[PDB]
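The chain below stands alone and is given as C-alpha cells, in the form deposited in one PDB entry.
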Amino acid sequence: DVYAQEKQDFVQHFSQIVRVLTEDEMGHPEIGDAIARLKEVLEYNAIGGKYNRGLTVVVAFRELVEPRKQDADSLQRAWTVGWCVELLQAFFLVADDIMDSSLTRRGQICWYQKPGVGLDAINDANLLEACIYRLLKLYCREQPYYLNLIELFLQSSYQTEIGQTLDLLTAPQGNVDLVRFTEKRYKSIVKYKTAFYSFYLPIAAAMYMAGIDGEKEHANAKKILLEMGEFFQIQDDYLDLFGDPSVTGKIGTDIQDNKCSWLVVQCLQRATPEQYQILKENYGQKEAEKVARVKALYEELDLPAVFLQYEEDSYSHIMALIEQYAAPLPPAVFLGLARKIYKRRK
C-alpha cells in the first residue's frame, strides 16, 4: 500500500545514484572505461526487482522521523541509504547466480551468463558492494549515525556470507545429503543468509538514521524481523519450484543444486520409506527427468497446500510478535513490510 505509493518515487532516484557514482569520470579520466563498466553493471543488476529493502528504509524513515525533521537533505540521505541496501542485494545476487548456476534473474539472463561477461562478474559483484560505502561516505559522513551505518552494513554482509557458507556446505554437488536436511539446520541457514540483510538491516538503518540507537530497541525489532525473514525465505523456496518464471523473473535450481530447501525438509518429514528412496535416487542431480520426479513427489505429498497452511500460521505468529515487540515504534513500520510480503507471488 504505502510501498506501492513510494515505488515510482524510489526508482526515479536511481538516475541520481548512477550519476554520482560515475562522477569521478571528469576528475580522473584514466578510469573512464572502468566507470563506464560500473554504470553498465549498475543498470543491469540494480534494477528490475521489487525494491522491497530500499523501499523499507524510505518508508520506515518517514514513519520514524518527526515530519518537521524531514527536510530535503534528510530525505535524500534516506533514499540514498535505501539504494545502498539495494546495491548490497545486487552484489549478493550476481555472485549467487554464479554459485547456483542460475539462468535468469528479474526477467532477464543472469549477468554472468551474458556473452562477454562470464566470471568477470565476480569483480562486477564486488564493485557493487564498494558503491555502498562510497555513497555512505558522500552523503552521511557528517551525520552522527555514520559509523553505526558502516558497521551495520559490514556486519550484515558478514552474517549473510556465513549464511551462504551454511547453504553451500549443506548442498554438496555430486553427494546425497538427505540426512542433513533438518528443520533445525534449515532455520539456521535462512536466519543468516536472508533474514539479517533483507529484514533487520533496512529497518535498523532507518532506526539509526532516526537517532534510535539503543540495544534494547534494536533487539526487539530484530525478534520480529528475523522471524519475518525466515518466513520470506520459505516463500522464496516455494517459489523456486512452484512459481511462474514469467512472474518471479527467475528459473528454479534448488533441486538440481541439492539445496536444503524448505520443500525438501517438509518432504522428508512426511515421506514413506519408499518415497524417501525416490527422493534419494532423484534429488541433487542435473537430469530434467530426475527434477520432474522430485516435483511430482512434492505434489503427491500436497506440499503446496502444506505451504499455504504454514504461511497462515507463521503470519499469525509474526503478527503476535509485532503485538509483543513493536513498542515504542509504530506497528505500521513492521506491518507495511509484512503486508508487502504476505501471499507474494514474486
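We number the residues from 1 along the sequence you see.
Next on the checklist: Averaging CA B factors per stretch from the PDB record, which one is higher: 44 to 52 or 301 to 309?
Outcome noted: Mean B over CA atoms: larger for 301 to 309.
Checklist entry - With respect to the recorded C-alpha B factors, which stretch has the higher mean value, 329 to 337 or 21 to 29? => result According to the PDB entry, the answer is 21 to 29.
Checklist entry - Per the entry, which of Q113, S156, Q269, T194 tops the list for Cα B factor? => result Of the options given, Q269 has the highest CA B-factor in the PDB entry.
Item to check | Selection by C-alpha B-factor (highest) of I109, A121, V179, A90 | outcome: Of the options given, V179 has the highest CA B-factor in the PDB entry.
Next on the checklist: Quick check for you: using the entry's CA B-factors within this chain, is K39 in the lowest, middle or highest third?
Outcome noted: Bottom third by C-alpha B-factor.
Item to check | Chain third (lowest, middle, highest) by recorded CA B-factor, residue given as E227 | outcome: According to the entry, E227 has a C-alpha B-factor in the chain's middle third.
Next on the checklist: What third of the chain does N148 rank in for C-alpha temperature factor, lowest, middle or highest?
Outcome noted: Middle third by C-alpha B-factor.
Item to check | Chain-wide C-alpha B factor ranking for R105, given as lowest, middle or highest third | outcome: CA B-factor rank for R105: lowest third.
Checklist entry - By its CA B factor, does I255 count among the lowest, middle or highest third of the modelled residues in the chain? => result Answer is middle: the recorded C-alpha B-factor places it there.
One more form of this protein exists, namely the form deposited in another entry; it is left out here, but the text below deals with it.
Item to check | Rigid-body rotation between this form and the one not shown - hinge position, chosen from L87, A171, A205, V294 | outcome: Where C-alphas switch their better-fitting rigid part, the residue is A171.
Checklist entry - in that other deposited form, do the Cα atoms of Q173 and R105 sit closer or farther apart than here, given a shift of 3 Å or more? => result It is closer: in that other deposited form, the C-alpha atoms of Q173 and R105 lie at least 3 Å nearer than they do here.
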